[PDB]
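Below is one structure; the comments refer to it alone.
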Amino acid sequence: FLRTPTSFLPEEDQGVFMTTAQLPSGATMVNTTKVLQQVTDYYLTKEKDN
Amino acid sequence: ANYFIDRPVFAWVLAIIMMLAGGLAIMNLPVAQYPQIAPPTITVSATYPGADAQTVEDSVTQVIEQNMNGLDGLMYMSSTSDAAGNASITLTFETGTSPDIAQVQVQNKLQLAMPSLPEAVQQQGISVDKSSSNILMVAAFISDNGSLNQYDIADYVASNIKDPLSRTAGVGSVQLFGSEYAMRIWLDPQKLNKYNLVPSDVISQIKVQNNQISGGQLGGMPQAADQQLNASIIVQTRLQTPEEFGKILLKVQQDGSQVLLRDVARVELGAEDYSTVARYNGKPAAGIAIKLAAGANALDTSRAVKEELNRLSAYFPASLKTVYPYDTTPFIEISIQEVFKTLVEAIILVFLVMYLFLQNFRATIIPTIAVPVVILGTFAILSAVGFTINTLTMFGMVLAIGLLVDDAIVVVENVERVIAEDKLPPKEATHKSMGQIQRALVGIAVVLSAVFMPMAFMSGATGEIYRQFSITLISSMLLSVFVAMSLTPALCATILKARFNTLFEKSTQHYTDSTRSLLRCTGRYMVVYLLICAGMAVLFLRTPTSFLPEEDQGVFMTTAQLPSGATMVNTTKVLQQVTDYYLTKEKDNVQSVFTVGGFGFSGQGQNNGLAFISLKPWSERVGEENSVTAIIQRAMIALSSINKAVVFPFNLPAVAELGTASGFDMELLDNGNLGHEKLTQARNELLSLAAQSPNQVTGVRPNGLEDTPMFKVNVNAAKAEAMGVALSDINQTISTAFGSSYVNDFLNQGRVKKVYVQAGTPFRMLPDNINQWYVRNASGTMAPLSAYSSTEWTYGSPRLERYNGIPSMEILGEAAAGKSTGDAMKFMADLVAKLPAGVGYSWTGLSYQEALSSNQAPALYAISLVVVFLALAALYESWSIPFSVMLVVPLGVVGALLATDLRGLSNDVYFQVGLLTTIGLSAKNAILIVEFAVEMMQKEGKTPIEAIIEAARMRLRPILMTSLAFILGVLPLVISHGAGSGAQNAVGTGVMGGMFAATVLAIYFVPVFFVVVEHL
Amino acid sequence: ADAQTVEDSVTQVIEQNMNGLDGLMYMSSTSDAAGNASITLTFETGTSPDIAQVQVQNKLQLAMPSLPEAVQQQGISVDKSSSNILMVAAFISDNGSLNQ
Amino acid sequence: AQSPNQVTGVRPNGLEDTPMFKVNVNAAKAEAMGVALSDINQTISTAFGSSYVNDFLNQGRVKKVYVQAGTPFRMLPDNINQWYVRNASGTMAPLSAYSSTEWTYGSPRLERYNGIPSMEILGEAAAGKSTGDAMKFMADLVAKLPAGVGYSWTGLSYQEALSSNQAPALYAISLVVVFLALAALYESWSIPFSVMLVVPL
Ligand SMILES: CCCCCCCCCCCCCCCCCCCC(=O)O[C@H](COC(=O)CCCCCCCCCCCCCC)COP(=O)(O)OCCN
Ligand SMILES: CCCCCCCCCCCC
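Chains as they are written, first to last, in PDB author numbering: chain H, 554 to 603; chain L, 2 to 499, 513 to 1030; chain Z, 52 to 151; chain P, 705 to 905.
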């Protein structure tokens, strides 16, 4: 009873998830838009099956 | 039922469950001196800096009062408008209304009403507070070494103490006795004259330069493509140091010299509210008042707050101590400890009595374990219904202990008797005795519940105390019946086996021989009974009425009031005299004196002051010479020589309800159209007409302040406008100079603080100062203020008051001798009717509850009689028998009345609950005698006399055991004189004597009533 | 406004009053550099959200007089809703006529 | 970050300090030439920030009207040189005259938890470990930090920590309750022991 790890509730596959994209402080919306476009391209090409 | 006898393990498990639930209850249960008793109130406070009484009443008070409608459960609403610019509107809501709902309703109405108030009171903000009186602690902060003055300590306690606490459990209405820092700017009329400036220019430049400008963003959005930079812009920031406020550039002269604010004014980190001076033991200090919360624990909250102060005492800058004046926590702790001691001593005495009577350790072991089971179960029930452990509930349990003991004794005595005679084994004997007393026990439960419910169903302030008492008694009684039916029979089944005794047998034989004389003069006996009954009524018409006895809470308060128009210098002097007396001529008893001048209970002012006075712990003052009552009555005579003050010490009110059943509070509403002068003329017709008849009303004193001189400045608009100066400029410079002018906010040590502008101290203290200020024409020239304005010395009021939207006067009085409240509030009416036409009267606060529902007392005490009659008829299966169970209650009533009246008490609530307990016990004894008598009549054929005598002989011992145990249990309560002595004596002297008369007269009269009823 | 500007002139003012009302399990407060103050009080399980909002709003106007202007003609937005998105519904243009 | 076998992907839920433009306006120099400080402040604030002026009607709905400088005139530290402020006599003087621009540093987002500043942190547990192990590991990691910093679990962590302490007590009351129930149902104290000696199995 002391060797077992502790937890609250197991993780589940809810069918959705999120990704955050944080740029260096002082960057503008142009660079953030480019970064998010790269993220969208990766997800929509390399994960087109899921 | 009787199936627990065959299964002792079931009964033991139920007992263990009761004990566990009781322990879990007492571990987590709120403790307090008293529960919430006063009807919920909502207080609306508004501040108008510098406004008069009339100006406040005309602008802030009336507008707020006109839009307080649609509130549910609103009994009345009273408003006070001071001369310091404070308007306070209190709305009293009905009992049971949710205070949060009432607060939100009032605040929403005020939210919609706000745009009508002047900007100067809008800027301060109007505070709606769900809170009442009965401050918990007045913990104060003092300077040890020096340097730190009043304002510095007040600012520290406002900026790093008030907010860190007030999140503690049971703490929700913290009030301050100081004022946090501000950026007081003191103007100089001559320096302003030299540079051709006015306070308006100073205020405008402060508003312009002490501003927070939103710079925006370099870059920002929408942005062009190829934008790689995005930063904020800083343009300005609110000033922080007082040296920065002195560099504000008011103007630039043609010569080129710069005029700064420091050149026309003295800037200084001062205070916001300057009209409050707090001193601890003479030393200057500033403190806070912790008004507790609705649902609170009066003990652990105190420990947690003390621990918080110890924790954040290392953050204290230097030489700052954290003393605790007031602090009425030890009184609650001592009261609860004493009641627990009484409860345990009752069990010890009961065990001793059972040993001395039954003379069998096995026999006596049963109640000694059965009683704590019931006590713990009742604690669990009180926690399950949501009842806090306070003085009322514990003192109700003090009668409950005797009620449970009586059941335990009767069960054990019957089992012991049946194993004694008839040679029945313990189990068979237990079955026999329980068959004998089973339905009698349930009938007794019904009768006692019917006796106790009427007190449960009252309303108002009385209703809550009565509810606490009756809920406690009902829970304890109903649990005791079930436990006596379940736990006790198993214990008697498994425990008992196969000098004074001879004296008791001889006494019982003598009693039977004397009781046999029913065949001689029975009728005359009844006549005597009637006389006693009549005497009871006579006593019931002589005992005075009171609410609760005053206690030795350990602290009291003195109020020093200067006559009128008296400055803070004289008030501080008078309070210094008061604290010097209390700390040099009473040093043995008095520990601390915390004197706050300016803060009077009758209202803020420079002619008021109040001193909290603490006392050395009860372990250091003993007797009557060193109690609170004697201390205040010794100090009253000593302080009559305070040389122009009306200082008046007094003890803490019980729950702040009323001044005994003699005090009344009427208000003389003007109505019609008559003004304030014609209303004060009516108030002067009264206070004299009433004093002409001192047989009914004595202390008719006019609560409220009286007329004072007032300076009047008559500006001449025509001349001023003809020669160039607008009336706005004159009216603004006078107001800003003499009566403060909030400008904006600023940042100090990471905290937002106000900025004020006022005239210099020496330039606003005399009527000859007004002709020292100058105002600017349209062409830039400056002209004196005396060329326009004239001066007068008119008369005016310093504190106006209104009631329900009608100008009132608040005449409060007291009843004379034995004349009760009702005759007082009947004589004040029909005396108001003789006043000039227009004025009316209204009862408030104390008399209101007694002006809408008064017949709510006896209807349920007649319903109780009807219900108990029905229950008894069901028990005995006849209609005439219950009369000789009803004819026994006056026997206990008259005894309790005598034992109370001939010792020095009154008709307090504790007397009422003790009287009902004695009534219940007498009814139970009569029920149990008549039960055996009727069983003999209906089962083993006998005559109405031969059966009743045998029943009385059988029941002699249980009555003499329970009554003696109950009398001895409450005996130390009567003799106690320490902390909480009044409540102890009240729950003592009554029952101790009600029980004695009940037992003696019941055992000597029940056969007479039985014979008369059966033969009639 | 700036981050410190907001955190001192708006967040401090609103924060000066909410200390403990019914069940305050814990309190958070963020102040951005885009002019955004986001106090996020969290009460104990079983508290009535309506009563909690009532208490929060009856203690917020004890701080309202200390707030500046241009925070008013936009409006304070007390909310008792959840803090986590339940559903996002996006709207697009099929052919590409309407811009964002 | 250097202990990947316990905690993986620990990141802060906040924003880092940024450079910030600062403008200093000479009140004395401005007031000497007649241009008011209030007017300068208002022009700068409206140009680079915005100004909600009024409401108006669009397709039957009330919307807001905003005044701001154009996109090309709001982008560079030298753009502040193009704005002119009107004198008290009607003449226009450039804003670059009585002003000085510099750069400083400032935080773009300030946080507070329970009333004190905070730096809320996110991060998952490494493979093989559980959230309790990572929670304890980070509580240990905090102890090796400069004095003047604390740690507070919040959100899901609050409830997980509460449950971990709750459970053993709940086992205790459940065992005592089942013992008492058996003792009451069966009139004996033997079965309550012969049965309660089996729960470890
Ligand atoms: C077989 C018998 C022997 C074995 C018994 C075993 C029982 C063991 C444990 C018994 C103790 C628990 C049950 C006793 C009552 C406690 C629960 C009271 C709950 C409570 O607080 O309600 C009170 C109602 O008064 C009350 O006490 C309820 C009044 C109920 C109506 C009574 C008659 C009313 C008048 C009608 C006259 C006509 C006669 C009707 C037949 C007051 O309410 P609160 O404080 O919550 O409210 C506040 C706002 N007001
Ligand atoms: C098994 C029969 C027991 C005796 C008759 C029932 C008595 C009920 C009394 C009132 C309820 C406890």
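Note that beta-carbon positions come from the ideal geometry of N, C-alpha and C, so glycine has one too.
**OP:** Pull up the distance between the alpha-carbon of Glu954 (chain L) and that of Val1020 (chain L), whole angstroms please.
**Re:** 21 Å
Subject >> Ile438 (chain L) beta carbon near ligand 1 (any heavy atom closer than 7 Å) >> reply: no
Subject >> Paired residues, beta bridge with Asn758 (chain L) - DSSP >> reply: L:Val769
**OP:** Check each candidate in L:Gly852, L:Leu553, L:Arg168, L:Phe11 and name the one with the smallest Cα separation from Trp893 (chain P).
**Re:** L:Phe11
Subject >> Rounded straight-line distance, which links the Cα of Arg813 (chain L) to that of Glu720 (chain L) >> reply: 8 Å
Original post:
Which residues in the same chain as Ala88 (chain L) place their Cβ atom closer than 6 Å to its Cβ, once the five residues preceding and following it in sequence are excluded?
Top reply: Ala47, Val57, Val61, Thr62, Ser82
**OP:** Name the two residues that bound the continuous alpha helix (DSSP H) containing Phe1023 (chain L).
**Re:** 1005 to 1029
**OP:** Establish whether the CB of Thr81 (chain Z) and some CB of chain P are separated by less than 8 Å.
**Re:** yes
Original post:
Where does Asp83 (chain L) sit, in a helix, a strand or coil, going by DSSP?
Top reply: strand
Subject >> Cβ-based burial, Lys938 (chain L) [other Cβ within 10 Å; buried from 16] >> reply: buried
**OP:** Mark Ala704 (chain L) as exposed unless 16 or more other C-beta atoms lie within 10 angstroms of its C-beta, in which case mark it buried.
**Re:** buried
Original post:
Can you list, in chain order, the residues of its chain whose CB lies under 8 Å from that of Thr805 (chain L), leaving out five sequence neighbours each side?
Top reply: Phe725, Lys726, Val727, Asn728, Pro781, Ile784
**OP:** Below 6 Å CB to CB, which residues in the same chain sit around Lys192 (chain L) once its five sequence neighbours on both sides are set aside?
**Re:** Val265
Original post:
Does the count of Cβ pairs from the region 363 to 373 of chain L and the region 337 to 351 of chain L closer than 8 Å reach three?
Top reply: yes
**OP:** Could you name the residues that DSSP lists as bridge partners for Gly288 (chain L)?
**Re:** L:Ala141
**OP:** State the beta-bridge partners of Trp807 (chain L) as determined by DSSP.
**Re:** L:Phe725
Original post:
Which residues, taken in chain order from the region 210 to 243 of chain L, show a beta carbon closer than 9 Å to some beta carbon of chain P?
Top reply: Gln210, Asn212, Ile214, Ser215, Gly216, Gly217, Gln218, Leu219, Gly220, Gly221, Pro223, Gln224, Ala225, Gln228, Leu230, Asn231, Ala232, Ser233, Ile234, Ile235, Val236, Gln237
Original post:
Got a sec: is the Cβ-Cβ distance from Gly271 (chain L) to anything in chain Z below 8 Å?
Top reply: no
**OP:** Give a single yes or no on whether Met435 (chain L) has its beta carbon closer than 7 Å to a heavy atom of ligand 2.
**Re:** no
Original post:
Comparing the C-beta of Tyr756 (chain P) with each C-beta of chain Z, is any distance below 8 Å?
Top reply: yes
Original post:
Taking 7 Å as the cut-off, is the CB of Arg468 (chain L) close to at least one heavy atom of ligand 1?
Top reply: yes
Original post:
For ligand 1, is there a heavy atom less than 7 Å away from the beta-carbon of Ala446 (chain L)?
Top reply: yes
**OP:** With a threshold of 16 other CB atoms inside 10 Å of the CB of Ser128 (chain Z), please say whether the residue is buried or exposed.
**Re:** exposed
Original post:
Hey, out of L:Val607, L:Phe608, L:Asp684, L:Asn603, whose CA is closest to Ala644 (chain L)'s CA?
Top reply: L:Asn603
Subject >> chain L within 8 Å of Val583 (chain H), Cβ atoms only >> reply: yes
Subject >> Beta-carbon contacts of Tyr467 (chain L) that lie in its chain and below 6 Å, excluding the five residues immediately before and after >> reply: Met456, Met459
Original post:
Does any heavy atom of ligand 2 sit closer than 7 Å to the C-beta of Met478 (chain L)?
Top reply: no
**OP:** Answer with yes or no whether the minimum CB distance from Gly579 (chain H) to chain L is below 8 Å.
**Re:** yes
Subject >> Euclidean distance between Cα positions of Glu681 (chain L) and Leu866 (chain L) >> reply: 17 Å
Subject >> Residue from L:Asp408, L:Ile43, L:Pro116 whose Cα sits closest to the Cα of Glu95 (chain L) >> reply: L:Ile43
Subject >> Short Cβ contact (8 Å threshold) for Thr914 (chain L) with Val406 (chain L) >> reply: no
Original post:
With distances taken from CA atoms, which of P:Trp807, P:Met779, P:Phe760 is nearest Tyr770 (chain P)?
Top reply: P:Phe760
**OP:** Taking only runs that begin and end inside the region 825 to 899 of chain L, name each unbroken beta strand (DSSP E) of 3 or more residues, in chain order.
**Re:** 825 to 828, 854 to 857
**OP:** With DSSP as the reference, please indicate the residues paired to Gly537 (chain L) in a beta bridge.
**Re:** Per DSSP, none; premise fails for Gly537 (chain L).
**OP:** Using only alpha-carbon positions, find the residue among L:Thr747, L:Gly753, L:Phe841, L:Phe142 that is nearest to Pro190 (chain L).
**Re:** L:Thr747
**OP:** Answer yes if the region 236 to 255 of chain L comes into contact with the region 535 to 548 of chain L, meaning at least three C-beta pairs across the two stretches below 8 Å, and no otherwise.
**Re:** no
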